[PDB]
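If you want the numbering used here, it's the position in the sequence shown, counting the first as 1, plus 2.
Here's the structure, in structure tokens; my notes come after.
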Amino acid sequence: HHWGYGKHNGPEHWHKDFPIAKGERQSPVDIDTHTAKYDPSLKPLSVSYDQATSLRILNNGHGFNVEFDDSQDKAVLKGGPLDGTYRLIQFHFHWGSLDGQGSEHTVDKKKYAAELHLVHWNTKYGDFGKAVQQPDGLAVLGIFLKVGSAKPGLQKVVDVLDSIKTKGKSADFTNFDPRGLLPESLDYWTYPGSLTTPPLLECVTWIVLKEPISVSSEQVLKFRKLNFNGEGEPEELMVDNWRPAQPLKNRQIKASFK
Ligand SMILES: [Zn+2]
Numbered sequence: 003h004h005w006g007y008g009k010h011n012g013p014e015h016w017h018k019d020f021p022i023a024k025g026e027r028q029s030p031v032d033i034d035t036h037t038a039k040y041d042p043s044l045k046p047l048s049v050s051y052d053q054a055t056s057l058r059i060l061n062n063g064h065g066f067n068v069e070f071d072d073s074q075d076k077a078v079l080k081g082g083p084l085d086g087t088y089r090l091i092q093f094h095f096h097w098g099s100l101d102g103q104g105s106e107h108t109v110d111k112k113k114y115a116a117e118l119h120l121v122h123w124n125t126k127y128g129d130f131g132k133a134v135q136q137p138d139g140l141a142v143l144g145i146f147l148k149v150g151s152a153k154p155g156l157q158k159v160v161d162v163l164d165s166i167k168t169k170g171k172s173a174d175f176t177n178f179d180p181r182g183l184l185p186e187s188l189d190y191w192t193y194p195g196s197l198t199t200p201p202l203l204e205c206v207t208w209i210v211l212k213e214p215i216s217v218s219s220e221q222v223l224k225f226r227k228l229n230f231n232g233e234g235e236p237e238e239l240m241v242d243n244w245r246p247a248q249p250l251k252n253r254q255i256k257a258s259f260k
């Protein structure tokens, strides 16, 4: 039936409804740090989030999204391997039922507790809908989360989860600053890939940050209390909403650092 992360509707079943699941540039992938090619041509990333305007937080049945006003160049990403300006539209996380799993991408086979994705679309295309149809339509910034000390900037998000426990629930979520989720360093790996949830379109330039951010176990615990189900239905906890690593195939991962 509808895609999900369960035994009968999980990742291994997706290809039946979305054949692209078996495509040539699918994500996520395992980052082999020894075979990644350091590229001197890669410029530094430019993250301009000081004018960012968040509007709402929503439980979509497979995770939660924090949405932003993308009607103007308020929160943009440029530089790095990107040509042009990319507007922030929303961010979401992927996590596990246990601290030893949860991330989509892995580094030398290592899995992190969760992975944050900041989705941006190329302004040359006019709207998100047109952008996903292009090979250079999206730019997604991936950040790993490890369990350790608490991330002060994540608490606002953690506190509002009670309000959107079930599928379809949404809440006002204004004045949230995404800068508080960024690691100290901006060194990264980059490769051409896809969305990790259906429709799985191959329109993404992935920018995966080397440095993980730390969050407390109490913080990730609250993520695990969300529900996949709608109100009044049998409770199914939202855990392990991650897709496993796909074949790299004809692709080379480049590093911005040595
Ligand atoms: Zn994602």
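All C-beta atoms, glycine included, are put in the ideal place defined by N, C-alpha and C.
Query - Contiguous alpha helix (DSSP H) assignments of at least 4 residues, all confined to the segment 207-232 - result: Those alpha helix (DSSP H) runs which fall completely within the segment 207-232 and span 4+ residues are 219-225.
Report task. Could you check what DSSP says for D161 in three-state terms: helix, strand or coil? Result -> helix
Requested in this report: With hydrogens ignored, establish whether the beta-carbon of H119 is closer than 7 Å to any heavy atom of ligand 1.
Outcome: yes
Query raised in the report: Which term fits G195, buried or exposed, when burial requires 16 or more other beta carbons within 10 angstroms of its beta carbon?
Result: buried
Query raised in the report: Which parts of the segment 117-147 are runs of the alpha helix (DSSP H), unbroken and 4 residues or longer, counting only runs that do not cross its ends?
Result: 130-133
Query raised in the report: When we look at the beta-carbon of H96 and count the other beta-carbons within 10 Å, is it buried (16 or more) or exposed?
Result: Around the beta-carbon of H96, 16 or more other beta-carbon atoms lie within 10 Å, marking it buried.
**Report entry** Candidates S48, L211, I59: closest to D164 by CA position
**Finding:** For the residues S48, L211, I59, the minimum Cα distance to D164 belongs to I59.
**Report entry** Extent of the continuous beta strand (DSSP E) to which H96 belongs
**Finding:** 88-97
Query raised in the report: When the Cβ atoms of the segment 196-203 are set against those of the segment 81-88, are three or more pairs found closer than 8 Å?
Result: The segment 196-203, when compared against the segment 81-88, does not touch it at the 8 Å Cβ threshold.
Query raised in the report: Are the C-beta of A141 and some C-beta of chain C separated by less than 8 Å?
Result: Checking the listed chains, one finds no chain C in this structure; it contains a single protein chain.
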